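K.L.:
Dropping the structure in here first, questions after.
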Amino acid sequence: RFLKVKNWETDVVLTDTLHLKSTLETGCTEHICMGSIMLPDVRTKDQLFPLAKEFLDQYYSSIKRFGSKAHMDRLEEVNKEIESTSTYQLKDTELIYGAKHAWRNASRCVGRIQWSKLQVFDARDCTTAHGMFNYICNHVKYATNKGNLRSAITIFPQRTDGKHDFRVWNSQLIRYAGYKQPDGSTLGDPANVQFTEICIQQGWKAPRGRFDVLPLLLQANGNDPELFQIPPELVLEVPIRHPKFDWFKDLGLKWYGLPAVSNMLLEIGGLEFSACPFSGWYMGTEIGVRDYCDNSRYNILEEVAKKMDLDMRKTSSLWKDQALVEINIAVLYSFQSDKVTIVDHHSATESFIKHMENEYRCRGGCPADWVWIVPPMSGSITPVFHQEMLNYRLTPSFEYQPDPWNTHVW
Amino acid sequence: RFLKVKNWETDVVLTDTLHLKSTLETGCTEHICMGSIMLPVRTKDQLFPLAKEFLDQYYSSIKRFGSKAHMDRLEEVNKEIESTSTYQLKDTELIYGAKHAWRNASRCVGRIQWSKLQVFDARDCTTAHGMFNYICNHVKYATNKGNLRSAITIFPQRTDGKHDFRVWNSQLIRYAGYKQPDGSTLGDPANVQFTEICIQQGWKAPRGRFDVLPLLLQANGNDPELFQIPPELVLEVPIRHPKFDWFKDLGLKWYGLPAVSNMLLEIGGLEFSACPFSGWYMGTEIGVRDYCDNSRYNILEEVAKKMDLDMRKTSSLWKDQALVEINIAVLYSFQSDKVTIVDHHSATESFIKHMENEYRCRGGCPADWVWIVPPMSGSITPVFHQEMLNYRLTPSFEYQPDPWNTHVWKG
Ligand code: HEM
Ligand code: HEM
Ligand SMILES: Cc1cc(N)nc(CCc2cc(CCCN(C)C)cc(C(F)(F)F)c2)c1
Ligand SMILES: Cc1cc(N)nc(CCc2cc(CCCN(C)C)cc(C(F)(F)F)c2)c1
Ligand SMILES: C[C@H](O)[C@H](O)[C@H]1CNc2nc(N)[nH]c(=O)c2N1
Ligand SMILES: C[C@H](O)[C@H](O)[C@H]1CNc2nc(N)[nH]c(=O)c2N1
Ligand SMILES: OC[C@@H](O)[C@@H](O)[C@H](O)[C@H](O)CO
Ligand SMILES: [Cl-]
Ligand SMILES: [Cl-]
Ligand SMILES: [Zn+2]
């Protein structure tokens, strides 16, 4: 009940007490661990006040005014507001606290040493998709900051009775289109083929190129979603070159500088914010390992290997591994050269271990999903590989939610 | 209760029912996942259900469930238990048991091979010298002049827990580690404690970087005894790189036979505390962990230096670059010396096929993602994208404490 975690490379042991405050489920039982499973109607008013209370309690605890009249007054105020309006509204201060802590609690995020330095954009006054478009252009411009990226989140109005949901239909604010071929092949990004179909079917006219920035598909107040094009001058992109291989440029690869997740749900004190796009800056391997070399993605390993003239007849030459490294060198090299913020997996995991130790000391723990935290290459030469982690769900949180097109009453 | 797993690279979905036969605990609860935690005597009461379950499984597999042979065997074991408080496995049951412990080993990626296990029955062994003889024969057989063969040797089961057979080595073949007065380590840092014990027990240490450790063997709960594996039985491979001629001058070698000897084999409630088993290496075990862990030989920087990599910034990925070259050399060296080895691409691919087959014929395949995914190049192997369910089936291999922590010394 007072759990120990050990680092097997440093012999450092941390004691976790924070997990006792966990409230959501893991998917695991005493008989079966689901640690590697990717994905293991509004609330009633009686469901809502304990959630509100738990949140307000930790909020007022965090500002050293637990059990203060100010604390009790707020509980009173929210209590009556729920009883009366069947929901409640967060103070700006609570909204910001809740958002920062939802990031703080994201057990799958390696970048959380930055959690307290999050720019929060309150878009709760937004009423239309054009409004959403404006807020999102501003977010993108702020976060991008000419390459010196800054973490941000924009929060649109909370769910009411699920008839009026605000949703950003795209999974990231910035992503490349994916197209069909008669070839049976896939031009561009295969991950986005379905969303690209909906765009076109909703009226998008695609350039059908390999790296076309998708349009935003925005849903306000439960209305039908609308298409908008992000001003191209707001989308910072990086051409990919290698510091030693001249021919790398000829592959014609590029990627965008701003990782901005837009399909998740932010839960704070029982309230649900279904449209809450957030962004930070890339770890190199996200692009170079996953985006470029996953077989279900741009899958560029074989082509890079050929140009390196590696031995591709047997797998034991480790040509895949060799090309993998060179591709990831090029990504880091490119971003760095264009002064666009990026972190390599060694630095990021090093930072996360420092963050863990900080969290264990000042908070009593740090929920962490080893399967997601360990980088997709060179795993055991990063310190996180040898770090035992405990995974559990704290609120406020970011949650997954159904893709809008499967849900939307058209 | 059915359970689905999905492969996110291929969209293949499999359904698990085997998890219903799960006995032991995971360490997890609905409130906390302990999937990345490395480590999370029996009375007559608990033993016959465990025996009956095993025997039911055994007789099902040979298609004799409910037969007179089945019923007689249960009666026979029941009597033997009530009479003697334990029982003895038939040869066929021991073999079945040991193969299925491997088959159930959720942290093992090499399980496609589980049905081809040579089982050596050493349950008639009584002394340390006897143990040494059995283990020499295991080593010779498994090694097979480089054409490695999977094998396990099974020593007598626990009785009252005061007469345990134990191999004190964590692996049958492993290199010594010596902590120097200046804090540096000569040889393998992972074996410094066991090396010190061996030295205390009278081993004359050569004190070099690759000294094969002596066997430290405990029979029948007596104090352990030192034996030197005959050098001619210990197959080793000089590590060379196919393009880098300076690599041989690093002076690296490794042994060919991976043989785990510190685990406990459980079969039908019986505990076999000495049960060394061996297969062949996946390259990354040596090339990534053994050579490149910071807490092991830790050669990344010297390799990287000799490669003249840009080492002033980690974002040059000089560490990753050198890691690949080292693992190429390990594979190159074993293959050119005709010593069985498998690369992590081949092995993980075979595991996926095995796992799928296991779902179809067995209703599942318990698997620990954290351990199954290789320590380098994770997502370019197919196991990275495979959802896995982890649960515990018996027969099984279990962890047990290091014997020097529990042993009552006779003198
Ligand atoms: C600032 C630098 C950041 C870095 C380096 C970073 C890094 C990462 C990485 C590598 C992943 C794994 C995703 C994958 O492989 O699919 C991830 C996931 C995640 N991150 Fe962070 N992140 C950063 C900022 C943020 C911010 C600002 C937030 C929220 C405000 C956030 C919340 C999350 C969440 C909820 C996940 C899980 C996503 C999912 O399950 O699909 N991160 N992050
Ligand atoms: C024949 C080729 C084999 C290969 C390529 C192979 C591969 C591996 C690898 C790479 C690991 C991970 C160990 C680590 O990184 O710490 C492992 C673990 C394991 N293997 Fe296999 N193995 C093989 C044979 C066997 C055999 C013959 C047995 C038993 C009869 C076995 C049972 C196990 C067990 C119980 C573990 C987990 C051990 C622990 O947690 O310390 N394996 N195997
Ligand atoms: C805010 C932020 C910063 C940062 N560096 N990375 C992220 C995660 C972005 C990301 C998303 C996704 C899609 C997630 C879909 N889930 C619902 C399964 C994939 C990847 C990648 F590339 F695979 F690593 C990266 C988010
Ligand atoms: C039989 C067998 C074959 C094979 N190829 N590999 C193995 C595992 C050998 C191995 C052991 C161990 C000791 C693990 C400690 N546990 C008690 C937690 C480590 C490693 C390595 F190198 F880290 F991968 C490899 C066993
Ligand atoms: C803490 C973590 O579980 C530990 O470092 C594990 C991670 N995965 C592993 N995977 C393998 N194959 N071998 C290991 O020793 C480990 N160590
Ligand atoms: C099936 C398995 O859970 C899946 O491949 C996970 C593994 N770890 C991951 N880790 C990160 N960072 N991102 C991912 O998408 C995944 N995918
Ligand atoms: O030096 C002693 C170690 O080899 C030993 O404690 C092992 O780590 C242990 O047997 C676990 O494998
Ligand atoms: Cl991405
Ligand atoms: Cl090893
Ligand atoms: Zn679990």
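K.L.:
For the range B:81-236, treating each Cα as an identical point scatterer without solvent, what Debye log10 I(q)/I(0) comes out at q = 0.12, 0.17 1/Å?
P.N.:
-0.63, -1.15
K.L.:
Where the convex hull is taken over the Cα atoms of the range A:291-400, what is its projected area averaged over directions, in nm²?
P.N.:
For the Cα atoms of the range A:291-400, the hull's average projected area reads 9.7 nm².
K.L.:
Mean residue ellipticity at 222 nm from the helices of chain A, using -39,500 (n - 2.57) per DSSP H segment of n ≥ 4 over the full residue count, to the nearest 500 deg cm²/dmol?
P.N.:
Mean residue ellipticity at 222 nm (helix-derived): -9500 deg cm²/dmol.
K.L.:
State the percent of C-alpha pairs, over all pairs in the range B:160-252, separated by a distance greater than 16 angstrom.
P.N.:
Across the range B:160-252, Cα pairs with separations above 16 Å total 62 percent.
K.L.:
Something else now. Pop out the ³J(HN,Hα) list for the range A:374-381 in order, Karplus 6.51 cos²θ - 1.76 cosθ + 1.60 with θ = phi - 60°, rounded to Hz; leave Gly and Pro as x.
P.N.:
Working through the residues one at a time gives 6, x, x, 9, 6, x, 7, 9 Hz.
K.L.:
Check the straight Cα-Cα distances from A:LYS146 and name the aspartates and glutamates below 18 Å, setting aside those fewer than 8 residues away within the same chain.
P.N.:
Hits, sequence-local ones excluded: A:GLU233, A:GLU237, A:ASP338.
K.L.:
Taking only the alpha carbons of the range A:105-168, what extent do you get along each of the three principal axes, in Å, biggest first?
P.N.:
36, 30, 15
K.L.:
Could you line up B:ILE135, A:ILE37 from fewest to most neighbouring Cβ atoms inside 10 Å?
P.N.:
Result, fewest neighbours first: A:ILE37, B:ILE135.
K.L.:
Spin-label point model (7 Å from Cα, Cβ direction): what's the A:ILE200 to B:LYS145 distance in nm?
P.N.:
Output for this residue pair reads 6.3 nm.
K.L.:
Pull up the cross-link candidates among the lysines for A:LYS307, meaning alpha carbon to alpha carbon under 19 Å and not fewer than 8 places away within one chain.
P.N.:
A:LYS244, A:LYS249, A:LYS254, A:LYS320, B:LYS243
K.L.:
To continue, here is another question. Could you work out the per residue convex hull volume over the alpha carbons of the range A:294-334, in cubic angstrom?
P.N.:
Cα-based convex hull of the range A:294-334, divided per residue, equals 72 Å³.
K.L.:
Could you give the length gained on full extension between A:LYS339 and A:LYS69, defined as 0.36 nm per residue of separation minus the Cα-Cα distance, in nm?
P.N.:
Extra length from A:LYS339 to A:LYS69 when fully extended: 92.2 nm.
K.L.:
Related question: Quick one: pull the percentage of alpha-carbon pairs in chain B with a separation above 29 Å.
P.N.:
In whole percent, the share of Cα-Cα pairs in chain B beyond 29 Å is 50.
K.L.:
Order these by the 10 Å Cβ neighbour count, fewest first: B:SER350, B:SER61.
P.N.:
Ranking B:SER350, B:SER61 by Cβ neighbours within 10 Å, fewest first, gives B:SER61, B:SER350.
K.L.:
Which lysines have a Cα lying under 18 Å from the Cα of B:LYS162, excluding residues fewer than 8 positions away in the same chain?
P.N.:
Reachable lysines: B:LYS44, B:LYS410.
K.L.:
Among B:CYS108, A:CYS28, A:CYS199, which comes first, second and so on when ranked by fewest other beta-carbon atoms within 10 Å?
P.N.:
B:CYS108, A:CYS199, A:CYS28
K.L.:
Please work out the Kirkwood hydrodynamic radius for the protein assembly as shown, using every pair of different C-alpha atoms, and report it in angstroms with one decimal place.
P.N.:
When all Cα pairs of the protein assembly as shown are included, the Kirkwood radius is 29.5 Å.
K.L.:
Which value in Å does the Kirkwood hydrodynamic radius of the range B:204-258 take, with 1/r averaged over all unlike C-alpha pairs and then inverted?
P.N.:
13.8 Å
K.L.:
May I pose another question? Hey, can you grab everything whose amide H is under 5 Å from the amide H of B:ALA259? Only 5+ residues off in sequence or another chain; H modelled, so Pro and N-termini drop out.
P.N.:
For B:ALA259, the qualifying residues are B:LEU172, B:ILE173.
K.L.:
While we're here: Calculate log10 I(q)/I(0) of the range A:52-119 for q = 0.20 Å⁻¹, where I(q) comes from the Debye formula with a single equal point scatterer on each Cα and nothing for solvent.
P.N.:
Normalising to I(0) and taking log10 leaves -0.85.
K.L.:
Which FRET efficiency value, to the nearest 0.05, is calculated for A:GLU233 and A:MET308 with the Förster distance at 41 angstrom and r the Cβ-Cβ distance?
P.N.:
Given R0 = 41 Å and the Cβ-Cβ separation, E is 0.70.
K.L.:
Per residue and in Å³, how big is the convex hull formed by the alpha-carbon atoms of the range B:28-84?
P.N.:
Convex hull volume per residue, Cα atoms: 154 Å³.
K.L.:
Please list, in order along the range A:55-68, the HN-Hα scalar couplings obtained from phi with the Karplus expression 6.51 cos²θ - 1.76 cosθ + 1.60 (θ = phi - 60°), rounded to whole Hz, x for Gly and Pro.
P.N.:
Using θ = phi - 60°, the values come out as 5, 4, 4, 6, 4, 6, 5, 5, 9, 6, 10, 4, x, 7 Hz.
Values quoted throughout were computed directly from the atomic coordinates according to the rules given, and no laboratory measurement underlies them. All Cβ positions, even for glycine, are placed from backbone atoms using ideal geometry, and neighbour counts span all protein chains on display.
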